[PDB]
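Visitor: These protein sequences, in sequence, are chains A and B. As numbered in full-length UniProt numbering, residues 9 to 134, 171 to 211, 225 to 664, 670 to 685, 694 to 736 make up the first sequence, in order. As numbered in full-length UniProt numbering, residues 9 to 134, 171 to 209, 226 to 664, 670 to 686, 694 to 736 make up the second sequence, in order. All residues carry an ideal CB built from backbone N, CA and C; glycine is no exception.
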Amino acid sequence: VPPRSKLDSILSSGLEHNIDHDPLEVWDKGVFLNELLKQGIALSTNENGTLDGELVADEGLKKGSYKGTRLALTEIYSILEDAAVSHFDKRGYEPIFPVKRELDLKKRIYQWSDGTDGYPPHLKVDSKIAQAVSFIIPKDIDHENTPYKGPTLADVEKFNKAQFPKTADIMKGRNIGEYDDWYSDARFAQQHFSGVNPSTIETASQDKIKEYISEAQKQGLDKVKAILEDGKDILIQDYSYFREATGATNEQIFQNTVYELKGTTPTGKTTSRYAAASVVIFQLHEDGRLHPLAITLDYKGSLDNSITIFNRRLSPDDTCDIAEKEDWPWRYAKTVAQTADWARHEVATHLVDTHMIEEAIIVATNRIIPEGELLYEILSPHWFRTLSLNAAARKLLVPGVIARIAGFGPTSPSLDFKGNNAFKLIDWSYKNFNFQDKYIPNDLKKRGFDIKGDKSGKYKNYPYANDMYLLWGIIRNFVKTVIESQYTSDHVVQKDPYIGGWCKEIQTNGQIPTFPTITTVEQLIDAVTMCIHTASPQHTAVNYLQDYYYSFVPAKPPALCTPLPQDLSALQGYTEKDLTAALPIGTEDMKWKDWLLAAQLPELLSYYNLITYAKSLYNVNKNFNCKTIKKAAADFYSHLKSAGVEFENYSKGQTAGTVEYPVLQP
Amino acid sequence: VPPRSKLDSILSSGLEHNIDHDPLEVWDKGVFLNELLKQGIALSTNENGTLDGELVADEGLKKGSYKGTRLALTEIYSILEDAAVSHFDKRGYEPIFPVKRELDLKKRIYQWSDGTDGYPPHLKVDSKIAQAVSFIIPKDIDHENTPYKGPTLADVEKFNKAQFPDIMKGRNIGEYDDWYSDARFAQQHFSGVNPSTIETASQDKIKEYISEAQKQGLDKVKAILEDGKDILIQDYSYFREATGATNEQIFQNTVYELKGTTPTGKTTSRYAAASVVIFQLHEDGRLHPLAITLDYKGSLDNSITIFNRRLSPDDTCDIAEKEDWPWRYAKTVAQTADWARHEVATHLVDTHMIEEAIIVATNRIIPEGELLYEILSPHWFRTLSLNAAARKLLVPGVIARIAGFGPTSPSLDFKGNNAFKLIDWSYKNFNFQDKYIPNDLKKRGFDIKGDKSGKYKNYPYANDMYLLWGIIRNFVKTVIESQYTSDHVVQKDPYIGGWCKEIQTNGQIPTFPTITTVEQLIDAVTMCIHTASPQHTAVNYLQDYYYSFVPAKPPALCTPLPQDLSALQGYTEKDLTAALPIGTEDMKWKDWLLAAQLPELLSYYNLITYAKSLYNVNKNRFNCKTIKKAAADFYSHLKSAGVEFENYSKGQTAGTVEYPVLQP
Ligand SMILES: [Fe+2]
Ligand SMILES: [Fe+2]
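#1: What do you get for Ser721/B, buried or exposed, if any count of 16 or more other CB atoms within 10 angstroms of its CB means buried?
#2: For ligand 1, any of its heavy atoms closer than 6 Å to the Cβ of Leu662/A?
#3: Could you compute how far the alpha carbon of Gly72/B sits from the alpha carbon of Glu579/A?
#4: Could you work out which residues of chain A lie near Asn523/B, taking near to mean beta carbons separated by less than 7 Å?
#5: Counting along the chain, where does the alpha helix (DSSP H) carrying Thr422/B start and finish?
#6: List the residues of chain A that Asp90/B touches, going by C-beta distances under 7 Å, in chain order.
#7: Is any heavy atom of ligand 1 found at a distance shorter than 6 Å from the C-beta of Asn600/A?
#8: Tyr85/A CB to nearest chain B CB: under 7 Å?
#9: Which same chain residues end up closer than 8 Å to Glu89/A when comparing Cβ atoms and leaving out the 5 residues on each side of it in sequence?
#10: In the region 703-718 of chain B, which residues sit with their C-beta less than 8 Å from some C-beta in chain A, listed in chain order?
#11: In terms of DSSP beta bridges, what is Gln493/B paired with?
#12: Does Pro438/A have its Cβ less than 7 Å from a Cβ in chain B?
#13: Comparing C-alpha positions only, which one of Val337/A, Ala417/A, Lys677/A, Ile425/A sits nearest to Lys391/A?
#14: Flag this pair as touching only if the region 36-46 of chain A and the region 102-112 of chain B have three or more C-beta atom pairs under 8 Å; answer yes or no.
#15: Mind the definition here: the region 464-478 of chain A touches the region 66-83 of chain B only if three or more C-beta pairs lie below 8 Å; say whether that holds.
#16: Any beta carbon from chain B within less than 7 Å of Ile27/A's own beta carbon?
#17: Can you list, in chain order, the residues of its chain whose CB lies under 6 Å from that of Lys452/B, leaving out five sequence neighbours each side?
#18: Given this structure, state the Cα-to-Cα distance separating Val715/B from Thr260/B, to the nearest angstrom.
#19: At a CB-CB cut-off below 9 Å, which residues of chain A make contact with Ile531/B?
#20: Under 7 Å, do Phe609/A and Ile233/A count as touching if we go by C-beta distance?
#21: With three or more C-beta pairs closer than 8 Å as the rule, is the region 480-500 of chain A touching the region 335-352 of chain A?
#22: Name, in chain order, the residues that DSSP records as bridge partners for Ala351/B.
#23: Taking the C-alpha atoms as reference points, what is the distance between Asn478/A and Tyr356/A?
#24: Between the region 250-258 of chain A and the region 316-335 of chain A, do at least 3 Cβ pairs fall closer than 8 Å?
#25: Keeping to the same chain, check which residues put their C-beta closer than 6 Å to that of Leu679/A; ignore five residues upstream and five downstream.
#26: Please name the residue, chosen from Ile293/A, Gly476/A, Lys677/A, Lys697/A, that lies closest to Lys711/A on a Cα-to-Cα basis.
#27: Do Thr327/A and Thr314/A have their C-beta atoms closer together than 7 Å?
#28: Check the DSSP bridge columns for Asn313/A and list the partner residues they point to.
#29: Which of helix, strand or coil does DSSP assign to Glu381/A?
#30: Could one say the Cβ of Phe179/B lies closer than 7 Å to chain A's Cβ atoms, at least one of them?
#31: Since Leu621/B contacts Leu354/B with CB under 8 Å, what's their CB separation in whole angstroms?
#32: From what residue to what residue does the alpha helix (DSSP H) around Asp90/B run?
#33: Can you check whether the C-beta of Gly38/A is within less than 7 Å of a C-beta belonging to chain B?
#34: State the beta-bridge partners of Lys319/A as determined by DSSP.
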């Protein structure tokens, strides 16, 4: 059977393989650049070939697929980050090829933004893009075989499960929908210990516990009152600050009216979205199961002014005639407290507390500390291509996406970047960051977690805490060794020319007054440790599981699609139809779009580990004191790997069925 | 045991894990940017902060490790390609974010180089770097537990095998104990990195060899050649003509060692030959070598020629293949020949540089909208920026270095350097139409269409490409017709005439067709894809496997050719090992590093994904639906052909190494 035939019998015959059975996983960048040109999603230019400032196409795309558009955003956003990298190379903000530059020059390159943009103090950069990403998202899409179709929970649950691959990176493949009881008190609350935002829960202030005891009396629950009065390890996740941050009064309601645009000027058609300044009360039991006791939907100064609901179950083992799955008021209350934990996570805990706090310290360090010095050499490796990425996020993620799907507004789009709430929240979260308080060891004390001395194993279900305590120590231990090699006494630090003006540059221009004025060896070691902790394990801790928790929207949605129930009465009268009405499920209210973005957001952000750092730092110092450095590395390398085992134990050590925390694994 | 203890019991206790047991596989880019700065391998700048044109450090690195330096080159070269990409973005040669630009503008951006650089016609770009890569390569390295230490074949063979853990990717030809064997040497001309240049032997040569065979006194070999049943040839004799060297000269490269800039006076010498090989393809399909002319100087009267003791795959001799040191040497020489021809002509010119020209022509001539531009430009993603980093480094910094052409390394005069003269010659004697697969196979003398004898069973490149070429042409056919239904349309098409012209003139590819027919367009467009993907892949995918075990395919000799035939036959293992880059002396450690490094540099994007992608954009409300079909058939045709490829891999005679190269 010669090649002559072999070719013909393949051309002649009907297709043996159906292209539709094989789903498109990643783009031919060349094909996709043709399509962005074909569709006029490109920069327009004059005769002389200089930029207009407008795009080629006047209007966006008409029809598309969820599947297809999800991919098209992933890609356009990658291309945008490539652009950002190539730019910061040209502007020399982050040069690709190395270049020696004297401090005196780097002050003229690394210059602060002025707040014009509506963001905190970040590197200056020498809306128009946000247009292009809208143009990618069609007017309307084919709703058949999408993950939001429903129109009921069971329907989207069935779809969600179907998308998982056949027989930590395996975890990556799926989401929380894998668990049938994702909605459960147990799994809802464990998200506050081992989720994407496990660092903001704290012990409940007497002042609040009083408020709730007082509210519990009024609703008539002697059981709940007794528990709170006893007050055995009552915890809190308090989003009440949202109002204070946005400057909204107790009589206002968080809302975002989404104006639909035909190219530039709106159609007059609008969608509305609602977020609440929720509050949650938990109890941590002797066995270590964290359990929710109360949710204030939206907190407006007091619980007299607020809609508050208490759990029917007062214990992990407590049983009620109504099953968790059918308790629609509670399930709603929990869905609200997830829209709260979405904003706090995505805005404060990720974007500010790791990315923007960082960018400031980087600018300070680049302006103040010369490329030679020890500090610069142990820090700058952890800041590889951070500035260029942070930019693509300023010019897109917040305005184009976080501002869109979130229930803050007051309007989408908003020309006024100031006066927009999201930005006011970014601004507030930035100012009320506390550099020294988010040193792990302090963090755990302030919030009320005896991780040091507890042998009771009530913290068995809090692996973030147990992992970070351990890991923080190992990083501090590495930092300690290295810093001493030059800073043997508090004098050396005090006479060091750069450290004084460095601590200053940050506290002033960086607007991080909580950053220490370092004099001691201890103070330097902590600050340097924090910077790495922030640049790696923390970013990782609050970014690695982002898809898993957020991609199944009904488990953690970004904002509500129905105004809050007007009072408690209403709330208790809620049914499945009320809960589904609040979610972005079905065709109406342009809910298809929110689902796409809300689920897309992780993939945008999920786009460089410690072991490789150590290995690399060792393999250069094999030739301050470079040998002491080398040791630091080869111990650090070991300490991590040995701690890596201890991490996987805390993951197993959680009570029956409690999902893994595999996040800080080498 | 609380976390308090768990931390203590890790700090307190002796380290459970020794960092030295875990070798460094990949760099923290941040650490490595600090080290390149620390070591002054960086661009220097004045008070005013503009570039000098010199680097910070005056001198290079003192000591390093083969392992460590191999990695440090891999990385610095990656950083260099990133730089090139970011630059072509700034200069808008290849913009990262899309931008509509009118043809009239693209003529002002996409402009031809002038030959100053010593290279053929390529995009203009708005030594200094080659300095930085030298600075990475130390003065001398620790020779202990390196793959060149030896000091004998068995020694480096034992090391080579030890390093083995996409599975194929893990290892190299050393996996086979009889890598040196007639069988495996010759199969490299059918299923190696250069399987497209072997051809049927001209009567004029077969006469020459019959004549030489008579003189040496081998009635056996004479009878075989006179009978002349499927005699093939791999003829490198053109090297002299290309470099313009006379039959009285010897190819040599005197490598001057530098202390930063000005040389130390210390030199190494390297020698290449314009070899010729004669094979016979047997009924069963085993290709078998019969003769090697070490270096061909006008005739075999002037040249050292050697005939194989074995006149057949099954033929046996009292001396084993493994101990036949003259033959093994002769074969090692004919590999230095196939190294130059491969790395220079078959890869760098025939795929990368021919391409760059057509890209420039297409960008200058055809507007971004047009059908041609849309089906072509996807196959040229980030090609121009990469091609640049190669001009500014691979040739001068590496190919020119390890190759035995010179005449000097480094050479200020880019012209007058032989490598460049060979690039130049290979470029001019390319034939766009003749390297259409179907023609290629006919000219060279391969009835792949009609042969049912299965003598071509051991030539999977041929059988795979014939099949694949057809499937690509079939896809191209469908798409082109959707706009070009008749030869008229093509003839009146404004751009095609001036496009074919732009190439034949400015691109210096006169062999590129003046297209009038539908057939002519379809072939040209097919060739461009064939060249941009399966061909580049065919002659680049196995580069590590064949080249990384240097004694199997070394880039140049480290001993002058034996003076005459007498000498050659008097060769022993010690002569063969003397020619290779093994041991400490003659700075042979360095050649091994680069020669083995070269693949990994070029190793830095398949058809299925193309099809899938082209389908998933043309699924919406020329004709886009006909396009979409073309895609969803092409998608299938590939996958179905993908099976047929793996059959030809199995279909090779016992033990003949796989050809897995065109696998989706
Ligand atoms: Fe991030
Ligand atoms: Fe290549």
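Guide: By the coordinates alone:
#1: buried
#2: yes
#3: 37 Å
#4: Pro11
#5: 414-425
#6: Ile104
#7: yes
#8: no
#9: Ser445, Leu446, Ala449, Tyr664
#10: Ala703, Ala704, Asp705, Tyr707, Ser708, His709, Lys711, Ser712, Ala713, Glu716
#11: Answer is none; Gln493/B lacks a bridge partner.
#12: yes
#13: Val337/A
#14: yes
#15: no
#16: yes
#17: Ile173
#18: 30 Å
#19: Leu15, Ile18, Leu19
#20: yes
#21: no
#22: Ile338/B, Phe367/B
#23: 17 Å
#24: no
#25: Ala703
#26: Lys677/A
#27: yes
#28: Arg330/A
#29: helix
#30: no
#31: 5 Å
#32: 74-98
#33: yes
#34: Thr322/A
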